[PDB]
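Trainee: Dropping a structure here in structure tokens format, bear with me for questions.
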Amino acid sequence: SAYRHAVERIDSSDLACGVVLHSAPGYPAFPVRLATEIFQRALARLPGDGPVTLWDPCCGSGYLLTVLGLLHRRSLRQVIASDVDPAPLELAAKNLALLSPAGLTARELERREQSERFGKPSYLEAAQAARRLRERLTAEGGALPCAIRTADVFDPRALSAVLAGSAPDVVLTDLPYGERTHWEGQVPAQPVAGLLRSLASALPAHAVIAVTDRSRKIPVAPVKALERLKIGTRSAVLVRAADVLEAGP
């Protein structure tokens, strides 16, 4: 594989976990460069162009979705976050709050107080980082509409509820570690195909679905992949909602 879009690695130090965006020891960070690569490749498979509604149905800590929201604000009409556990969502809520200028301002001011209290130079680098992101956010559209809800991705009846009328164009998600066969492996194909089938039942026909795993190749069949990649430890497959529906039960 290679970087088609993320061709020249850019300033993502502001988007590093724990600087402005929130981290937690239980949820892993996603590589900034890999995220913006999967997303632009997803965009290039859509019929026409314009602002896209983006959904992450296993949003975990919201880091991946928030990162995309700030980086690609101009290509985004709105973002949807969802997951089954209420655990990570408490964290995703504080990450998604950074998709508005006012959330970035509170983060900024929090870092300035810690800087005064502790004098650590890293707190000020953080504060300037938040300011910079908020100025970019503002110039690219300002506050980015988002919604977060709990919902089971294998229960397609629940999916209607999450979307709340919206019709996502791109679905993007890192498969969760609890669905993996063990901690040190990958999510198997029986759940992958049940996952697509459930999603596409709720999506518009043109929607692109981008899934990522720690494996070397993701078993989507019988469905026909639109595209694949591996970068380092990670691999991704992109499928169209219409194609999923064909293969059926």
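Labels for the structure tokens follow display order: chains A, B, ..., residues from 1 in each chain, ligands from 1.
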Please build the interface table for range 144-241 of chain A against range 94-112 of chain A with a cut-off of 8 Å, listing for each qualifying residue the nearest atom pair and the distance in Å to one decimal; count only C-alpha atoms, order rows by chain and increasing number, and write it as a Markdown table.
Mentor:
```
| residue | atom | partner | partner_atom | distance |
| --- | --- | --- | --- | --- |
| A:144 | CA | A:99 | CA | 5.6 |
| A:145 | CA | A:99 | CA | 7.8 |
| A:146 | CA | A:96 | CA | 7.5 |
```
Trainee: Could you take the residues named above and write them with N, CA and C atoms, as a PDB file, in the first residue's frame?
Mentor:
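Ended up saving to result-v7.pdb:
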```pdb
ATOM      1  N   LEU A 144     -19.466  22.305  14.257  1.00  0.00           N
ATOM      2  CA  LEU A 144     -19.829  21.233  13.334  1.00  0.00           C
ATOM      3  C   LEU A 144     -20.943  20.419  13.996  1.00  0.00           C
ATOM      4  N   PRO A 145     -22.136  20.422  13.423  1.00  0.00           N
ATOM      5  CA  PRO A 145     -23.258  19.686  14.011  1.00  0.00           C
ATOM      6  C   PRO A 145     -22.939  18.200  14.260  1.00  0.00           C
ATOM      7  N   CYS A 146     -23.203  17.747  15.478  1.00  0.00           N
ATOM      8  CA  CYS A 146     -23.028  16.350  15.803  1.00  0.00           C
ATOM      9  C   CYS A 146     -24.065  15.799  16.774  1.00  0.00           C
TER      10      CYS A 146
END
```
Trainee: Could you pull out the helix (DSSP H, G or I) residues of range 48-249 of chain A from DSSP and send them as a PyMOL selection string?
Mentor: chain A and resi 63-71+73-75+87-99+101-118+121-139+156-163+189-200+241-247
Trainee: Take the residues from that selection and put them in a file with C-alpha atoms, as a PDB file, in the first residue's frame.
Mentor:
```pdb
ATOM      1  CA  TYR A  63     -10.983  10.307  19.028  1.00  0.00           C
ATOM      2  CA  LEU A  64     -11.157   9.109  15.425  1.00  0.00           C
ATOM      3  CA  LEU A  65     -14.385  10.894  14.616  1.00  0.00           C
ATOM      4  CA  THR A  66     -13.322  14.116  16.368  1.00  0.00           C
ATOM      5  CA  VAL A  67      -9.973  14.108  14.588  1.00  0.00           C
ATOM      6  CA  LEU A  68     -11.776  13.909  11.265  1.00  0.00           C
ATOM      7  CA  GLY A  69     -14.271  16.562  12.229  1.00  0.00           C
ATOM      8  CA  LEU A  70     -11.544  19.119  12.983  1.00  0.00           C
ATOM      9  CA  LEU A  71      -9.267  18.188  10.074  1.00  0.00           C
ATOM     10  CA  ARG A  73     -14.458  20.414   8.699  1.00  0.00           C
ATOM     11  CA  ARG A  74     -15.015  21.835   5.183  1.00  0.00           C
ATOM     12  CA  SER A  75     -16.071  18.474   3.715  1.00  0.00           C
ATOM     13  CA  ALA A  87     -18.585   3.432  28.924  1.00  0.00           C
ATOM     14  CA  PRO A  88     -16.536   4.935  26.082  1.00  0.00           C
ATOM     15  CA  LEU A  89     -19.336   7.385  25.211  1.00  0.00           C
ATOM     16  CA  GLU A  90     -18.731   9.419  28.359  1.00  0.00           C
ATOM     17  CA  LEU A  91     -15.294  10.071  26.883  1.00  0.00           C
ATOM     18  CA  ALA A  92     -16.516  10.576  23.292  1.00  0.00           C
ATOM     19  CA  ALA A  93     -18.852  13.276  24.598  1.00  0.00           C
ATOM     20  CA  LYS A  94     -15.991  15.360  25.872  1.00  0.00           C
ATOM     21  CA  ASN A  95     -14.126  14.829  22.548  1.00  0.00           C
ATOM     22  CA  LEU A  96     -17.110  15.786  20.391  1.00  0.00           C
ATOM     23  CA  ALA A  97     -17.537  18.964  22.489  1.00  0.00           C
ATOM     24  CA  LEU A  98     -14.337  20.100  20.787  1.00  0.00           C
ATOM     25  CA  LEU A  99     -16.249  20.265  17.491  1.00  0.00           C
ATOM     26  CA  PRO A 101     -15.387  26.892  19.139  1.00  0.00           C
ATOM     27  CA  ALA A 102     -16.693  27.087  22.724  1.00  0.00           C
ATOM     28  CA  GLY A 103     -15.579  23.569  23.622  1.00  0.00           C
ATOM     29  CA  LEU A 104     -12.122  24.443  22.323  1.00  0.00           C
ATOM     30  CA  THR A 105     -12.173  27.584  24.418  1.00  0.00           C
ATOM     31  CA  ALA A 106     -12.880  25.715  27.643  1.00  0.00           C
ATOM     32  CA  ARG A 107     -10.113  23.228  26.807  1.00  0.00           C
ATOM     33  CA  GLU A 108      -7.809  26.135  26.081  1.00  0.00           C
ATOM     34  CA  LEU A 109      -8.637  27.859  29.357  1.00  0.00           C
ATOM     35  CA  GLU A 110      -8.263  24.612  31.298  1.00  0.00           C
ATOM     36  CA  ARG A 111      -4.686  24.262  29.982  1.00  0.00           C
ATOM     37  CA  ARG A 112      -3.901  27.863  30.937  1.00  0.00           C
ATOM     38  CA  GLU A 113      -4.958  27.242  34.522  1.00  0.00           C
ATOM     39  CA  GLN A 114      -2.843  24.081  34.718  1.00  0.00           C
ATOM     40  CA  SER A 115       0.062  26.025  33.253  1.00  0.00           C
ATOM     41  CA  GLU A 116      -0.273  28.643  36.010  1.00  0.00           C
ATOM     42  CA  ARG A 117      -0.685  26.067  38.760  1.00  0.00           C
ATOM     43  CA  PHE A 118       2.185  23.793  37.609  1.00  0.00           C
ATOM     44  CA  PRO A 121       5.789  24.252  29.472  1.00  0.00           C
ATOM     45  CA  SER A 122       3.738  21.461  27.808  1.00  0.00           C
ATOM     46  CA  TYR A 123       0.489  22.997  29.169  1.00  0.00           C
ATOM     47  CA  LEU A 124       1.044  26.184  27.148  1.00  0.00           C
ATOM     48  CA  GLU A 125       1.865  24.226  23.988  1.00  0.00           C
ATOM     49  CA  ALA A 126      -1.462  22.506  24.584  1.00  0.00           C
ATOM     50  CA  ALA A 127      -3.264  25.829  25.054  1.00  0.00           C
ATOM     51  CA  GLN A 128      -1.882  27.328  21.871  1.00  0.00           C
ATOM     52  CA  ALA A 129      -2.826  24.079  20.129  1.00  0.00           C
ATOM     53  CA  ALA A 130      -6.482  24.454  21.188  1.00  0.00           C
ATOM     54  CA  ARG A 131      -6.529  28.097  20.024  1.00  0.00           C
ATOM     55  CA  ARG A 132      -5.082  27.118  16.652  1.00  0.00           C
ATOM     56  CA  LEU A 133      -7.634  24.343  16.142  1.00  0.00           C
ATOM     57  CA  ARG A 134     -10.497  26.698  17.085  1.00  0.00           C
ATOM     58  CA  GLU A 135      -9.332  29.317  14.589  1.00  0.00           C
ATOM     59  CA  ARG A 136      -9.108  26.683  11.861  1.00  0.00           C
ATOM     60  CA  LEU A 137     -12.539  25.313  12.917  1.00  0.00           C
ATOM     61  CA  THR A 138     -14.028  28.789  12.707  1.00  0.00           C
ATOM     62  CA  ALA A 139     -12.520  29.618   9.306  1.00  0.00           C
ATOM     63  CA  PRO A 156     -30.670  -2.890  12.756  1.00  0.00           C
ATOM     64  CA  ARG A 157     -33.936  -1.815  14.485  1.00  0.00           C
ATOM     65  CA  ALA A 158     -31.881   0.406  16.794  1.00  0.00           C
ATOM     66  CA  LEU A 159     -30.023   1.981  13.839  1.00  0.00           C
ATOM     67  CA  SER A 160     -33.074   3.917  12.598  1.00  0.00           C
ATOM     68  CA  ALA A 161     -33.116   5.614  16.004  1.00  0.00           C
ATOM     69  CA  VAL A 162     -29.492   6.785  15.897  1.00  0.00           C
ATOM     70  CA  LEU A 163     -29.728   8.410  12.478  1.00  0.00           C
ATOM     71  CA  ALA A 189     -15.752 -12.721   9.141  1.00  0.00           C
ATOM     72  CA  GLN A 190     -19.074 -14.039  10.538  1.00  0.00           C
ATOM     73  CA  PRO A 191     -19.498 -10.784  12.545  1.00  0.00           C
ATOM     74  CA  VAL A 192     -18.045  -8.651   9.687  1.00  0.00           C
ATOM     75  CA  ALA A 193     -20.739  -9.663   7.215  1.00  0.00           C
ATOM     76  CA  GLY A 194     -23.492  -9.467   9.829  1.00  0.00           C
ATOM     77  CA  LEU A 195     -22.175  -5.967  10.560  1.00  0.00           C
ATOM     78  CA  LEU A 196     -22.291  -4.729   6.959  1.00  0.00           C
ATOM     79  CA  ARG A 197     -25.701  -6.283   6.380  1.00  0.00           C
ATOM     80  CA  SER A 198     -27.055  -4.474   9.434  1.00  0.00           C
ATOM     81  CA  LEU A 199     -25.531  -1.081   8.471  1.00  0.00           C
ATOM     82  CA  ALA A 200     -26.437  -1.005   4.758  1.00  0.00           C
ATOM     83  CA  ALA A 241     -24.278  -0.112   0.742  1.00  0.00           C
ATOM     84  CA  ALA A 242     -25.945  -1.144  -2.552  1.00  0.00           C
ATOM     85  CA  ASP A 243     -23.451  -3.992  -3.131  1.00  0.00           C
ATOM     86  CA  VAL A 244     -23.943  -5.336   0.389  1.00  0.00           C
ATOM     87  CA  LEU A 245     -27.734  -5.507  -0.077  1.00  0.00           C
ATOM     88  CA  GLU A 246     -27.310  -7.622  -3.245  1.00  0.00           C
ATOM     89  CA  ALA A 247     -25.524 -10.588  -1.585  1.00  0.00           C
TER      90      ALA A 247
END
```
Trainee: Residues of range 13-96 of chain A that have any atom at most 12 Å from an atom of range 221-233 of chain A: could you tabulate them with the shortest-distance atom pair and the distance in Å to one decimal, using only C-alpha atoms, ordered by chain and increasing number, as a Markdown table?
Mentor:
```
| residue | atom | partner | partner_atom | distance |
| --- | --- | --- | --- | --- |
| A:30 | CA | A:233 | CA | 11.7 |
| A:31 | CA | A:231 | CA | 10.5 |
| A:33 | CA | A:231 | CA | 10.2 |
| A:34 | CA | A:231 | CA | 7.7 |
| A:35 | CA | A:231 | CA | 11.1 |
| A:37 | CA | A:229 | CA | 10.2 |
| A:38 | CA | A:229 | CA | 9.0 |
| A:41 | CA | A:227 | CA | 9.0 |
| A:42 | CA | A:227 | CA | 9.5 |
| A:44 | CA | A:227 | CA | 11.2 |
| A:45 | CA | A:226 | CA | 8.5 |
| A:46 | CA | A:226 | CA | 11.5 |
```
Trainee: List the neighbours of residue 53 in chain A out to 6 Å using only C-alpha atoms; skip same-chain residues closer than 2 positions along the sequence, and give me the result as number ranges by chain.
Mentor: A: 77-79, 168-169
Trainee: When you count only C-alpha atoms, which of these residues is closest to residue 166 in chain A: A:205, A:76, A:54, A:237?
Mentor: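 Closest to residue 166 in chain A, using only C-alpha atoms: A:54.
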